[PDB]
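Trainee: Sending over a structure as structure tokens; questions will come in a sec.
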Amino acid sequence: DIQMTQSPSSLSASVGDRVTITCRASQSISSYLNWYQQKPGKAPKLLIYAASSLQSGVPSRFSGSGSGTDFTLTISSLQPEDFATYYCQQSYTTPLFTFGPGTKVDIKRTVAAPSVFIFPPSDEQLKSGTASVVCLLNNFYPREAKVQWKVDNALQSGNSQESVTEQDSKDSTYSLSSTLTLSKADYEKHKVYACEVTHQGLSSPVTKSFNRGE
Amino acid sequence: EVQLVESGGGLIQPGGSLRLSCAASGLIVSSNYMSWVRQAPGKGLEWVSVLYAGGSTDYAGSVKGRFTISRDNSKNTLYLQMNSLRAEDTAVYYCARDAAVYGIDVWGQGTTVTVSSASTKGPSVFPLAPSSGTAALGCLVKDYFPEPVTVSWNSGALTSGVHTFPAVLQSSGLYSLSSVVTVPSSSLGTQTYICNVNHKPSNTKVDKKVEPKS
Amino acid sequence: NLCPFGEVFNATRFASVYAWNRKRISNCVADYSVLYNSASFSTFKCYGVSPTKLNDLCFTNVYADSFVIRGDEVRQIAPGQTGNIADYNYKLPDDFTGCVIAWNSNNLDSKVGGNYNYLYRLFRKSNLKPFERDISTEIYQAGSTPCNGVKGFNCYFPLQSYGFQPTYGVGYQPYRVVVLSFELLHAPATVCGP
Ligand SMILES: *[C@@H]1O[C@H](CO)[C@@H](O[C@@H]2O[C@H](CO)[C@@H](O)[C@H](O)[C@H]2NC(C)=O)[C@H](O)[C@H]1NC(C)=O
């Protein structure tokens, strides 16, 4: 079984830049390697076949290179409709192809630290027996950020879920929610609920918090 | 007119069956490597099964013995019978033409297949209440099945600074999202902020007004 | 006079799988133990006969097919198999009686920067009957409109090449195959042992 790895899981670029995706096979597959584009909610679209051959009706700014274990998709001048996720796929073991994990190209921006807000559980949700605590990271760039939950200074591992937005059409920022679920019985045997966010645009970690009685 | 037209997804209990369909124009299925490929929520493209031109079949380790790929030359249609469906088979199913060294050049639109044991249920809406420049507030739309759930603020006259997050599937098999918005601190005691959740699977329509807490 | 198994096994060039070679062994004596006990072989499965009792037997004609394939492809040179090689290039009958002998040939058949000499059929419209041999180099028509010798959309040249470089994997390197079929008819049998 051949395994395909793609290097920059996410890279940033502005219109007109020269963008370079890479792909790498676990064995030499020679030039049996195709590139695909996918935009959220639509099907893949074939870009390069045979490592270097341009597919019909695909703009000439797309180009493929490589032969063996390493390959390169190059966009000559990145254009606005090119913001997408790009996958490589080997055709060496036709018809049992395996794909790459993807590279996502998003819109470059200047760095912006998140505005952090923490939200206690409503008094209503507590009637139904469950406590949701929400941490918000609003309007930051780039996508990479870390959120740590501390209950009475005790770090929390298996009980939080995150969700991130698509890149804003206007900001080009992201926002991110982290939701820490807890039983009312648990929630009430602890005092200090804190959200520590670390991010490239913040000097040191920012921590927002609240005690359980206001 | 080269077109692949999927059909036949939808919701299904674990253990049940679905018949996916892929009607073709501008190529003969009988004459082609025809694959089914699936993409799980958030993940990438995993190849599923293939129908050689001569009729041989191959399948992924995971679905072998539960899926059978067939065809009807008469209706020029690719089929995938999915039996004994498990939760992990939840994904989008593309049918595609594998032209081998020349690429996977023709893809279907996709069809979504959701396997859950979850009874469909309308959400609860709790207030992400603003605390004590700019203030953040929102709604938490918790415990709903199946997706989608749209969310508006103030019936459409509040769009600026709104962020409705993508849902996460909780460990109960139920989805849950939260929608936030940033507003002037000054308007908090003055202007009324109401969120409009709509969940058409359960004919659930909820407006919840978010207010500052005491 | 004994059988020209040297002419088949120790030959410098081997055919492409899609155009496999068939040598007719007839009117000669054979030593199938100098083959079994050569301990120079990667794969030596026989079917419907046993390799050590092979030198006690006679046949009316013995057929030696030979070709080159990828390692992960030696598995399909067996009765009851499916895949590009067994479907489109070399099929063995369900009732096969004979021996399938492979070895690793990376030494002579893989060349630095590619051996684009060895081919296989990648596109076909139906599975091969056992011991069929399709050498047609027609453009494969994958659509409803003919191709008329022009490669393009729905119009694929039907033979690809193995890369075959010495810096390949293991079940991805060149193996040479030799399929010995043993037929017995109502006719004077002229391939015996000592
Ligand atoms: C293929 O070639 C080798 C020689 O390069 C042959 O091997 C020799 O055969 C004789 C008799 O069996 C022995 O005395 C030698 O020891 C063998 N050498 C090796 C390295 O095995 C081999 O018999 C040839 N095979 C065929 C089918 O003719």
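Each answer follows from the model by the rule given with it, or from the source it names; no laboratory read-out is quoted. Please note: Cβ atoms are built from the backbone with ideal geometry, for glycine as well, and neighbour counts cover all protein chains shown.
Trainee: Is it true that residue A:84 is aliphatic (A, V, I, L, M) and under 25 Å from residue A:41 (Cβ atoms)?
Mentor: Against the criterion (aliphatic (A, V, I, L, M) and under 25 Å from residue A:41 (Cβ atoms)), residue A:84 qualifies.
Trainee: Same structure, new question: What are the residues in region A:136-180 that are in contact with a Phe, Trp or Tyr (Cβ under 6 Å, 6 or more places away or on another chain), outside any strand (DSSP E or B) and farther than 22 Å from residue A:84 by Cβ, if any?
Mentor: Scanning region A:136-180 gives a single hit, A:156.
Trainee: Do the conditions hold for residue A:89, that is, is it in the same structural domain as residue A:41 (by CATH) and crowded, with 20+ Cβ neighbours inside 10 Å?
Mentor: It is true that residue A:89 is in the same structural domain as residue A:41 (by CATH) and crowded, with 20+ Cβ neighbours inside 10 Å.
Trainee: Given the options A:192, A:164, A:197, name the one that is aliphatic (A, V, I, L, M) and farther than 26 Å from residue A:108 by Cα.
Mentor: Among A:192, A:164, A:197, only A:192 is aliphatic (A, V, I, L, M) and farther than 26 Å from residue A:108 by Cα.
Matching residues to (1) within 12 Å of another protein chain (Cβ to nearest Cβ); (2) touching a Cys at 6+ places or on another chain (Cβ under 7 Å):
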site	(1), (2)
B:82	no, no
B:95	yes, yes
B:99	yes, no
B:108	yes, yes
B:111	yes, no
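Trainee: For region B:151-169, name all the residues that are within 7 Å of another protein chain (Cβ to nearest Cβ) and either over 16 Å from residue B:197 (Cα atoms) or among the hydroxyl-bearing types (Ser, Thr, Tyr) (or both).
Mentor: If the condition is that a residue be within 7 Å of another protein chain (Cβ to nearest Cβ) and either over 16 Å from residue B:197 (Cα atoms) or among the hydroxyl-bearing types (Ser, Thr, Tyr) (or both), then B:168 is the only one that fits.
Trainee: How many of the residues in region B:32-60 are under 21 Å from residue C:85 (Cα atoms), surrounded by fewer than 21 Cβ atoms within 10 Å (Cβ to Cβ) and out of contact with any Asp or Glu (no Cβ under 8 Å at 6 or more places or on another chain)?
Mentor: 4
Trainee: May I ask you to say which residue of B:135, B:129 is more than 25 Å from the chain's Cα centre (by Cα) and more than 8 Å from chain A (Cβ to nearest Cβ)?
Mentor: B:135
Trainee: Could you give every pair whose Cβ atoms fall below 7 Å, whose first residue belongs to region C:30-42 and is surrounded by fewer than 13 Cβ atoms within 10 Å (Cβ to Cβ), and whose second residue is outside any loop (DSSP other than H, G, I, E, B), counting only separations of at least 6 or pairs across chains?
Mentor: C:40/C:103
Trainee: Sort out for me the strands (runs of 3 or more DSSP E) sitting completely within region A:10-118 that have 3 or more residues that are more than 15 Å from residue B:104 (Cα to Cα), more than 10 Å from chain B (Cβ to nearest Cβ) and in contact with a strand residue (DSSP E or B) (Cβ under 8 Å, 6 or more places away or on another chain).
Mentor: Strands (runs of 3 or more DSSP E) meeting the threshold: A:10-13, A:19-25, A:62-66, A:70-75, A:103-107.
Trainee: Now for a separate question. Would you check which residues across region C:87-102 are aromatic (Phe, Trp, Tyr), more than 9 Å from the chain's Cα centre (by Cα) and within 14 Å of chain B (Cβ to nearest Cβ) and list them?
Mentor: C:88
Trainee: Among the residues in region B:115-126, are any touching a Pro at 6+ places or on another chain (Cβ under 9 Å), at the interface with chain A (Cβ under 8 Å from one of its Cβ atoms) and within 30 Å of residue A:212 (Cβ to Cβ)?
Mentor: There is at least one residue in region B:115-126 that is touching a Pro at 6+ places or on another chain (Cβ under 9 Å), at the interface with chain A (Cβ under 8 Å from one of its Cβ atoms) and within 30 Å of residue A:212 (Cβ to Cβ).
Trainee: Within region A:151-203, track down each residue that is buried (at least 17 other Cβ atoms within 10 Å of the Cβ) and over 18 Å from residue B:165 (Cα atoms).
Mentor: Answer for region A:151-203, where residues must be buried (at least 17 other Cβ atoms within 10 Å of the Cβ) and over 18 Å from residue B:165 (Cα atoms): A:151, A:182, A:187, A:193, A:194, A:195, A:196, A:197, A:199.
Trainee: When residues of region B:34-78 are filtered for being assigned to a strand (DSSP E or B), over 27 Å from the mean Cα position of the chain (by Cα) and within 10 Å of chain C (Cβ to nearest Cβ), how many remain?
Mentor: Here the count works out to 1.
Trainee: Now for a separate question. Quick check: anything in region C:156-169 away from chain B (no Cβ under 14 Å) and more than 24 Å from the chain's Cα centre (by Cα)?
Mentor: Within region C:156-169, none of the residues are away from chain B (no Cβ under 14 Å) and more than 24 Å from the chain's Cα centre (by Cα).
This table checks each residue for (1) β-branched (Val, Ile, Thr); (2) within 25 Å of residue B:73 (Cα to Cα); (3) part of a strand (DSSP E or B).
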position	(1), (2), (3)
C:96	no, no, no
C:124	no, yes, no
C:182	no, no, yes
C:187	no, no, no
